[PDB]
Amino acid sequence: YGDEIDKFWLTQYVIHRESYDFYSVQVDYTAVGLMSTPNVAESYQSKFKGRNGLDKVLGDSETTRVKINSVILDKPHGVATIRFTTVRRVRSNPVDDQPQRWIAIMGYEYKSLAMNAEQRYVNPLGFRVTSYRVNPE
């Protein structure tokens, strides 16, 4: 669909998935779902299982924000690499935690299937992640 369009969804995916804010985890959880193959999807849903679920554990005690630093592409393969930075924030503390720099190896593709009302505000192009992996530097 073009590089800049590819970079948008990819970065929005990282932001959606690697961020934590309680009052927006529900839409974030939804986006990651639509933007992921079911097997890649429920590998992430593992964070939200039982009553030890991330949102159900952390509650609103803290928040983690994401910062996109760079985005390289490999268009034919449908592969991309995203370096990003996370900053955790405990609401009780007076200061942000020290940043953490990560790398995200991603595979992606496009298949606009069941065009639904609540999808076309999230993934209109049918962007989906095929392989997601994250590591530090």
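Rigid core: the largest C-alpha set superposing within 1.5 Å between the two forms. Residues carry their position along the shown sequence, with the first being 1.
Superposing each structure in 4 other deposited structures of this protein on the rigid core shows that the farther-lying of 14-22 and 118-126, by root-mean-square Cα distance, is 118-126. Greater C-alpha displacement in 4 other deposited structures of this protein (rigid core superposition, RMS over structures and residues), of 88-96 versus 24-32: 88-96.
Per the PDB record, of the two stretches 113-121 and 14-22, 113-121 carries the greater mean B-factor over its C-alpha atoms. For the two regions 65-73 and 50-58, the entry's Cα B-factors average higher over 50-58.
Among all modelled residues in this chain, the alpha-carbon of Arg91 has a temperature factor (C-alpha) in the highest third. Annotation for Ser43: CA B-factor lies in the middle third of the chain's modelled residues. For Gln100, the recorded CA temperature factor ranks within the middle third of the chain's modelled residues.
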